[PDB]
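Undergrad: Chains as they are written, first to last, in the deposited numbering: chain i, 34 to 57; chain v, 3 to 66, 155 to 167, 175 to 227; chain j, 15 to 85; chain L, 22 to 129; chain N, 2 to 69, 96 to 204; chain G, 70 to 117, 125 to 204, 207 to 226; chain h, 2 to 35, 41 to 120; chain m, 254 to 299.
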RNA sequence: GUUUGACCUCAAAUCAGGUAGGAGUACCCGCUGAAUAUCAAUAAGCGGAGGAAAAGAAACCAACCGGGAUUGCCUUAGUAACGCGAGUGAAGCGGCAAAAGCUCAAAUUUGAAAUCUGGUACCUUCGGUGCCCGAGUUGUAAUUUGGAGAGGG
RNA sequence: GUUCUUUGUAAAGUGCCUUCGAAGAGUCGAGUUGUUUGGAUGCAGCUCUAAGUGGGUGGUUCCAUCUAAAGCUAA
RNA sequence: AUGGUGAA
Ligand SMILES: [Zn+2]
């Protein structure tokens, strides 16, 4: 679903990167 | 038990209930035709066969239409609101049978009913009244 | 050592411990154990008057009806 | 150690329950029409047996809906698929016979 | 709906925003009693998907349990013991730290006429549902009981004690087989 | 000192523009329970063709349904919602959809104009007065988005 | 022997109280002697007290006529478990969707012969 | 472009059916004589 | 405003309407639990329900021309498997008993929070109505629970 | 069976055409430590922590079957 | 071994 993908991208941009993700 | 002995010794008396015989006897309570023809002397399967009906649809385990006519004979035994009628009459007077024109009536077709619904309602009104 | 107990009167109320070894007074629960089969029987329901439990069975038989006979 | 002394008692109780159901369910046969099923486990695949309920495709091919079929005494199972034309045809024929033999009283 | 956004945000549990929210909320709760009445849930999406509804009859309680009988089971038992007149339906995790773990439990009062007349919720008013957490009938209790389908739960599909009794009994018919 | 996604609140519309927005919103107060009940009773008595009503949209779920459809023109967001996660993403959603948004202090103040004790958000879709709404939107943009 | 309840039903509160006082005085006088009449007067006292209590209870019921939440004394004594176990109306409550489904497809009565 | 779907229902372009249902319920109540119109309430205020 | 209001939070009242302990305990559910393999998920102990309890409509069983809620019996079977030693020990398929499917989260009623608790006066009183009070917008009703489902013709 | 009511431009179903078409995260999962099983599974303290034509269960390139992390329900 | 009793 396009709406679900958009919501996921919005949440990804809002939440930033996790502490373990920041290591990348 | 202690309670049973106390109850037996007590003068209150037992609340006797005799219903063993009533377990064997069951009266039909879902059909008037069957009740008149049903015979409690025979079993469920025997009664169904006597009436001419099937008591089981699947192959039963273990070894094994004078009445159905009455059941078949037993098989042979909405309008519009006043405001709805007035609304239909208004549109009929304003547009007659012009369904397409009636559809676009902004101040009489308050509810945007389809052409099919409008024509069906008008036909029902005509049949009921004229 | 022991004294009369208000709940049971079994004369098993410890003076120093201020508790009854038989019925468990003042504990809300009544002391009882499975291994004490004879003890349970001695204090099982029905050993007393059963002022209210007696009429429950009779009342149920009538469906807990209320009112009076129509004569 | 349990001894089935009640075997006769259990049978009598089951018969009494069936009689009570018949008294309440006199007009109906107490059973829902079941489809024919071919078993897995080739040791038993040769044996055909009754199933839980007819598939949605079979009910549709029988000229009735599952919701209406249930009220007429037809078991419906939406979990079973269809992969055999012979079984589908047999189930359709059984449903057609059931529809042609059932009598429904008016709701009026 | 917004609840999808809430669920997606809650998916990234280790986000710096959720970290700040959790560390603020745990500190705020640290100044309150172990068990206290909650005005409203802090995770509306989780409660809503768990069956909670904002109507007269529902109650939200927050309980703190020592870290290290699961923690959720202990919380449910404690709230049921304290809320004797209410029935525990479900609970969800809301916070954790190095010392304590916090869970939120939603309760429904069967005495309120709103629940009694609610066709979708009056089922809990039956006496057989008394103290669901006590018998492990809650979601956490059932999960801890191993109740599920498949080979992975054959020995605990329905009753770990029942199977032992069944396999230890000696069934003898009137006519020996 | 908090993550940038937080502390976007505490920067809010100024007193003058906030008062102007509240005055504009008060015009479209939804018919309260008593007013709607009495109007419906009057209509029934008269019965015993209609213009579309205009009112503010305040339900968070309803507003979010209107948001992302690009129908909402101006949305007010309370900065004191206890479940902050309910409103952390709303400004970003509005920015992505290009819908102007304004953070107004006090959920109670936001709800006082919609006949409710509290209201997390409020949004306008239809208007009576379009020039006033456009001017208010431009002022809010220039005073909030271009500054913070 | 003794007083008849069916005669005392229509007596007023003051008359019943006076009769009870007279019976109590008679019992006190007879106690000094220490005699079946003592049993008769004792039974009459109980009958008068029961009649007075019955009158008072019906008066209390009348004053609470029809209004909700009557005193627990007048409420049903069936059992603790029956006050729970939601009443017939609550149990019969059904969602609109289920009612619509039942109306659309009610359970039909049928037989299978032809 | 908007992300949603399910094009606009007719009710959004038509007067609410709930309002009509409430009006007809009030009309039924008035017919049964259990509701007094506000105009009659003004007279009864005496 | 050297003030007056909206809420939110926290306390109290011999406040109004409610429920909780405990008893019994053969069966049910959970926790704990002896005399590294064995007596053993036994004995004992604690907590929680009913006339039954639990479970229950698959992130199932199978590798077949497939079956289709849970539960009990025979069979599978003293087999597979394990501890290969004394010993423990399943489950699918098959036949039988009885069969019933459903409810929320999820996409706008926004052209009308349409929902519900309580108070008051009546009536046809296990409830209904007019009015008021409060909850609800941080979501109460209808519409959908994957068998798809929804706006229209 | 008997008797009063319905109504309101009210609620559903059938076949066709058309435009859309959501899915339980400190959860699955791996690690380790206690526990149960004749099952190697499950239960349980804790570091980490998953994706949406995705995920779970089974074998010779993968093919077969469902959609867990909510709940109710007589026999 | 389990659960209790009294005893400084
Ligand atoms: Zn004692």
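We put the CB at the ideal spot given by N, CA and C, even for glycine.
#1: Give the range of the beta strand (DSSP E) segment to which residue 57 of chain i is assigned.
#2: Is residue 46 of chain v close to chain L? Criterion is C-beta to C-beta, closer than 9 angstroms.
#3: Since residue 76 of chain L contacts residue 102 of chain L with CB under 8 angstroms, what's their CB separation in whole angstroms?
#4: Beta carbon of residue 47 of chain j: closer than 8 angstroms to some heavy atom of ligand 1?
#5: Using the three-state DSSP reduction, which class does residue 118 of chain N fall into: helix, strand or coil?
#6: Counting only beta-carbon separations shorter than 9 angstroms, does residue 145 of chain N have a partner in chain h?
#7: Do residue 64 of chain N and residue 129 of chain N come within 9 angstroms of each other at the CB atom, strictly closer than that value?
#8: Using a Cβ cut-off of 9 angstroms (strictly closer), state whether residue 10 of chain N contacts chain i.
#9: Does the beta-carbon distance from residue 207 of chain v to residue 125 of chain G come in below 9 angstroms?
#10: Enumerate, from N- to C-terminal direction, the unbroken beta strand (DSSP E) stretches of 3 or more residues contained entirely within the stretch 142–185 of chain G.
#11: Excluding the 5 residues flanking residue 40 of chain j on each side, which residues of the same chain have their C-beta closer than 6 angstroms to its C-beta?
#12: What is the DSSP secondary structure of residue 16 of chain N, counted as helix, strand or coil?
#13: Rounded to whole angstroms, what is the Cα-Cα separation between residue 142 of chain N and residue 57 of chain N?
#14: Would you say the beta carbon of residue 56 of chain j comes nearer than 8 angstroms to a heavy atom of ligand 1?
#15: Residues of chain N with CB closer than 8 angstroms to the CB of residue 99 of chain h, please, in chain order.
#16: Once you ignore the five residues that flank residue 17 of chain v on each side, which residues in its own chain have a CB closer than 7 angstroms to its CB?
#17: Taking DSSP as the reference, what is the three-state secondary structure of residue 53 of chain h?
#18: Can you tell which of G:226, G:100, G:221, G:146 has its C-alpha closest to the C-alpha of residue 199 of chain G?
#19: Nearest to residue 48 of chain L by alpha carbon, out of v:164, v:27, v:9?
#20: Kindly identify the DSSP beta-bridge partner or partners of residue 135 of chain N.
#21: Use the C-beta contact count for residue 74 of chain j: other C-beta atoms within 10 angstroms, 16 or more gives buried, fewer gives exposed.
#22: Could you name the residues that DSSP lists as bridge partners for residue 65 of chain N?
#23: By how many angstroms is the C-alpha of residue 270 of chain m removed from the C-alpha of residue 263 of chain m?
#24: Residue 156 of chain G CB to nearest chain N CB: under 9 angstroms?
#25: Does the CB of residue 43 of chain i have a neighbour CB from chain N at under 9 angstroms?
#26: Could you tell me which chain N residues have their CB closer than 8 angstroms to the CB of residue 136 of chain G, listed as they occur along the chain?
#27: So which residues of chain N does residue 165 of chain G contact, with C-beta pairs closer than 8 angstroms?
#28: Would you identify the three-state DSSP class for residue 193 of chain G, choosing helix, strand or coil?
#29: Please state whether DSSP places residue 69 of chain j in a helix, a strand or coil.
#30: Report the partner residues of residue 198 of chain N according to the DSSP bridge assignment.
#31: Look at residue 115 of chain h and residue 58 of chain h and say whether their C-beta atoms are less than 9 angstroms apart.
#32: For residue 100 of chain G, which residues of its own chain have a beta-carbon under 8 angstroms away from its beta-carbon, when the five flanking residues on both sides are left out?
#33: Mind pulling the chain G residues with CB within less than 8 angstroms of residue 21 of chain N?
#34: Where do the ends of the alpha helix (DSSP H) carrying residue 192 of chain v lie?
TA: So, to answer that:
#1: Position 24 of the first chain holds residue 57 of chain i. No beta strand (DSSP E) holds residue 57 of chain i; DSSP gives it neither H nor E.
#2: Against the second chain, residue 46 of chain v aligns to sequence position 44. So, interface residue.
#3: The residue given as residue 76 of chain L occupies position 55 in the fourth chain. The residue given as residue 102 of chain L occupies position 81 in the fourth chain. At roughly 7 angstroms, the Cβ-Cβ gap stays under 8 angstroms, so residue 76 of chain L and residue 102 of chain L are in contact.
#4: The count along the third chain starts at 1 and reaches residue 47 of chain j at position 33. It does not: the Cβ of residue 47 of chain j is nowhere closer than 8 angstroms to a heavy atom of ligand 1.
#5: As a first step, residue 118 of chain N must be located in the fifth chain, where it is residue number 91. Residue state, collapsed to three classes: strand.
#6: Within the fifth chain, residue 145 of chain N is the residue found at index 118, counting from 1. At least one chain h Cβ lies under 9 angstroms of residue 145 of chain N.
#7: In the fifth chain, residue 129 of chain N corresponds to position 102, counting from 1. In the fifth chain, residue 64 of chain N corresponds to position 63, counting from 1. Yes, the pair counts as a contact, with Cβ atoms nearer than the cut-off.
#8: Mapped onto the fifth chain, residue 10 of chain N falls at position 9. Yes - at least one Cβ of chain i is within 9 angstroms of the one on residue 10 of chain N.
#9: The residue labelled residue 207 of chain v in the question sits at position 110 within the second chain. The residue labelled residue 125 of chain G in the question sits at position 49 within the sixth chain. Cβ distance < 9 angstroms, so residue 207 of chain v and residue 125 of chain G count as in contact.
#10: 150–154, 177–180
#11: Here residue 40 of chain j refers to the residue found at position 26 of the third chain. Excluding residues within five positions, none has a Cβ falling inside 6 angstroms.
#12: To locate residue 16 of chain N, count along the fifth chain from 1; it is residue 15. It is coil, neither helix nor strand.
#13: By one-based count along the fifth chain, residue 142 of chain N stands at place 115. By one-based count along the fifth chain, residue 57 of chain N stands at place 56. Near 8 angstroms, if we compare the C-alpha coordinates of residue 57 of chain N and residue 142 of chain N.
#14: To locate residue 56 of chain j, count along the third chain from 1; it is residue 42. No - ligand 1 has no heavy atom lying nearer than 8 angstroms to the Cβ of residue 56 of chain j.
#15: If you number the seventh chain from 1, residue 99 of chain h lands on position 93. Simply 144, 145, 146, 149.
#16: Along the second chain, one-based indexing puts residue 17 of chain v at 15. Excluding sequence neighbours, residue 17 of chain v sits near nothing in its chain.
#17: Within the seventh chain, the letter at position 47 stands for residue 53 of chain h. Reduced to three states, the DSSP call for residue 53 of chain h is helix.
#18: By one-based count along the sixth chain, residue 199 of chain G stands at place 123. Considering only alpha carbons, the answer is G:146.
#19: Looking up residue 48 of chain L in the fourth chain gives position 27. Selected option, being the one with the closest Cα: v:164.
#20: Along the fifth chain, one-based indexing puts residue 135 of chain N at 108. Paired residues: N:59, N:114.
#21: For the purposes of this step, residue 74 of chain j is taken as the residue at position 60 of the third chain. By the 10 Å Cβ count, residue 74 of chain j comes out exposed.
#22: In the fifth chain, the residue the question calls residue 65 of chain N occupies position 64. In the DSSP output, where bridge partners are listed per residue, residue 65 of chain N has N:129.
#23: Position 10 of the eighth chain, counting from 1, holds the residue named residue 263 of chain m. Position 17 of the eighth chain, counting from 1, holds the residue named residue 270 of chain m. Computed Cα separation, rounded: 11 angstroms.
#24: Reading the sixth chain from its first residue, position 80 is the one you call residue 156 of chain G. So no, residue 156 of chain G is outside the interface.
#25: By 1-based counting over the first chain, the position of residue 43 of chain i is 10. Closer than 9 angstroms to some Cβ of chain N, the Cβ of residue 43 of chain i qualifies, so yes.
#26: Here residue 136 of chain G corresponds to residue number 60 of the sixth chain, with the count starting at 1. Simply 3.
#27: In the sixth chain, residue 165 of chain G corresponds to position 89, counting from 1. The answer, in chain order, is 6, 10.
#28: Counting from 1 along the sixth chain, the entry for residue 193 of chain G is found at position 117. In this structure, residue 193 of chain G counts as coil in the three-state DSSP scheme.
#29: In the third chain, residue 69 of chain j corresponds to position 55, counting from 1. Reduced to three states, the DSSP call for residue 69 of chain j is helix.
#30: To locate residue 198 of chain N, count along the fifth chain from 1; it is residue 171. Residue 198 of chain N is bridged to L:23.
#31: Taking the seventh chain and counting its residues from 1, one reaches residue 115 of chain h at position 109. Taking the seventh chain and counting its residues from 1, one reaches residue 58 of chain h at position 52. Going by C-beta atoms, residue 115 of chain h is not nearer than 9 angstroms to residue 58 of chain h.
#32: By one-based count along the sixth chain, residue 100 of chain G stands at place 31. Excluding residues within five positions, the ones whose Cβ falls inside 8 angstroms are 108, 129, 131.
#33: The residue given as residue 21 of chain N occupies position 20 in the fifth chain. Chain G residues near residue 21 of chain N: 71, 72, 75.
#34: Within the second chain, numbered from 1, the residue matching residue 192 of chain v stands at position 95. Per DSSP, residue 192 of chain v belongs to the alpha helix (DSSP H) from 179–192.
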